[PDB]
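Given next are two forms of a protein chain, the same chain in both, each as structure tokens and marked structure 1 or structure 2.
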Structure 1
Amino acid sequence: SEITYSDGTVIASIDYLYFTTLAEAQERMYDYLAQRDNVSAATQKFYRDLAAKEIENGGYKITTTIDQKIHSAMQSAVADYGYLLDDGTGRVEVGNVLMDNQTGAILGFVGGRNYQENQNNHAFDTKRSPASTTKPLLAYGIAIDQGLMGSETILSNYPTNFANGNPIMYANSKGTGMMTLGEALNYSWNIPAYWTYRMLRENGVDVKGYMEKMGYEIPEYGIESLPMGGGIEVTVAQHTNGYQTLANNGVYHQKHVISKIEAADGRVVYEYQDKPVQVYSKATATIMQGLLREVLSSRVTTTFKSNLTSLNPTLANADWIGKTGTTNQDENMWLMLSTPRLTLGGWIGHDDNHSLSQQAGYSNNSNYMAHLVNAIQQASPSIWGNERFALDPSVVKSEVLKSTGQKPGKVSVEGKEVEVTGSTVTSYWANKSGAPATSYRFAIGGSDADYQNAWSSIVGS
């Protein structure tokens, strides 16, 4: 029995690479064994063991998805550049996963700083809160998909409180005012994501149907801070797969590190079976792509594009989209990146869950990732692609007011039917009729005080 890289080259017979591959193969077998000895449905355990025997003893050739030149380049990038991560807080660990957007196949990964010194696989084993990288999946993507907001929809960021009366905070700030979806995402403000998930619940939206299609296990959906990543912990590999679904215009493919297991007699025993699912519509996923493009361009929450410009100005011109997250004590940082072909997930942190430095996600993980991305391209010059993410033909563009995010028109501004007028903007929608006409409660969220204040500077013009 052996494991090969995608090209057929021998990995080994029966060091993260070996362990991660054998584990998956054994899981393959086990699922099957629950029907070879005919068989059916805490033992278990017998079958887990049975599987590891049947694998080590058989004369099986297991073919991985692992691209060999890419995977070793990624090993060399972490050896060469992991020191970029160090910030005077102890050993900063790292996990990464590179995934094919069309297939769900994993091409390479970083399991940690150095397997010799520390064996924890940070790509496939360790689970951490995804923090604000939860928002495009769980809040905004689904609200767009249910036809409840469009690209230029306005949301509340005015101060507001949880049900216990504690304030919703963003670092030391308590909120500001009305803002577009662009601005909410670029800065990653929390209160507008609070109100979006809260509106999804008021409408009875099946949020869990969406998350379980991308393979997400969340034990409790009834949690106010859920869209900021509370009550959620994920592996890097499972997280890259929610970003694969958005990059790939809304169609999930399941991650996998094995395509083919073959007998000693060359018969095809096991084959990866593709089960594509349209999680979000095409309108939705292509709208969210255009938003996440701006997250990386505006450079508010990450320096990644500047880093990549200076290392490889030609790769910096590829069509990068992405999103960041910080857990609320600086303990874990995330940076998720896609071109149309690939998606690289990244996590940093400490095994013992304690703070990182203040600019560890902003600057440190961003600069490391940008060295990682360039290393990947140096070893496979056309893998990232030159393609562009592009709005779907089904997208509905509406012409809306900047100030409201809805169509211009008449509104009763505290009784006194006003004529609402001013500069307009195109707004992309994933429904049938686009954006409504302006009503008085024009944002997602807000208290009457907020709208008194809102409306009386809109009126003032």
Structure 2
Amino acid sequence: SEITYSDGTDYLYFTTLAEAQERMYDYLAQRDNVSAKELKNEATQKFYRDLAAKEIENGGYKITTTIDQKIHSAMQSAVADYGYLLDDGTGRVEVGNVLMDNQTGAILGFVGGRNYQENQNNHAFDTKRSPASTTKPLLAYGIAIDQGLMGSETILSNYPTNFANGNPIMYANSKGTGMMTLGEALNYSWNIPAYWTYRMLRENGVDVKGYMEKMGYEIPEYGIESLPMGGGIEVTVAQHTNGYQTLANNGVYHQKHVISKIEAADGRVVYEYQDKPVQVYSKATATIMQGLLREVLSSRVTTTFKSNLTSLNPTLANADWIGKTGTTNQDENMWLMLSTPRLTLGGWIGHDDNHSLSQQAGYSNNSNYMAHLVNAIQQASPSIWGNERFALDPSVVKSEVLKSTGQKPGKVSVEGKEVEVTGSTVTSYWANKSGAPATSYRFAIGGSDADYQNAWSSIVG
């Protein structure tokens, strides 16, 4: 009886064992005609779990995993040789990563932690943590866009503002600034605009959990004001990677999996992964979203990745990389999600007890560690990342708008009066029918009464 890697023959052992055990259980139960309401009985369960365990250690099944040998060993050397770059002064830094194919959900290789021998917790598949700002594309902007409430150069308020509970909304030490583009909101990861976006989605009662649940996310309370910043959410790196699989495969989710097939010795098929593809964001949204995340990495505001990788390997650095970082407040978790059109790679770092990493752990160390990781992968499989490009889908609507309001040039009721509105203008990619609408008084997403006049008697004379 033998577990096989994609072609041929440590956390990997356990993790596979366990999925495979689970499946055998479903098959046994069902080959025995064990009834709907019998399998609820605990005792029957324990007999079947134990029976599946046994069928597998002594019955000669051929278990086929999606895992790629060369890749997954390279991801282990890479964490053995370069794991120490994660160590930032706050003790041993733990780490989890998952590589995934964007067309299939197949998981090709992962890193369960620094060293299975010193610490057995699986951080790729079992440690579960808030994702912080990397929630914002899935949950706030890609939805707003996909629902026609925004396009790529719409404006958003980052003026100081408060939670329901009175407290002010921070970004590090900043109480906030002024108005700003989606781009700038994404690249810096400002929290206020994100707050305002999710607030808008509630105001229109959008079916936000219809989106999240279609990628397999489990969030218990959708009404959290910090949700888009990651309050009220917790995920493993593997589930979360599958959320970035969705944005990268033009919005078609494919469910994450490790096992493709289990065959008895004589070919009977005990179990087969059966693709269940689901169109979560329109193609227009996912592609306008690709364009945005291309600049989160190029602009290097919240990660140094494009720099460390250009130096490690200039030609891979020119593949079409997109993604997003996250930092939970207090700095206990750092995330980097990366994608090329072919692959997604999720990475988390943190401490098993939850204390603090250093300020730069996400920004510099995980960024450079991931650059090594992404190198070791390509160096082991030179074509795997691909040389393809993310492209706006033909169905994106290109609209014609003002750098300054994000809406079409037009005239405004400037609180009793009138101005024809101008300055130079910029392309906006929209995922609706029709485009930007004509400018208006409340042009920006979110914003208080006070500030729409701070901003309008300014974005004038």
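Throughout, residue numbering runs from 1 along the sequence of structure 1. Rigid core (definition): largest C-alpha set, two forms, superposition within 1.5 Å.
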For the list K397, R36, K402, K410, which one shows a CA move of 2 Å or more between the two structures after the core is fit?
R36
Did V420 shift 2 Å or more between the two structures, C-alpha, core superposed:
no
Does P436 move appreciably between the two structures, meaning a CA displacement of 2 Å or more on the superposed rigid core?
no
Can you give the CA shift of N164 between the two structures, in Å, with the two forms fit on their core?
1.2
Relative to the superposed core, what is the Cα shift for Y47 between the two structures, in Å?
4.1
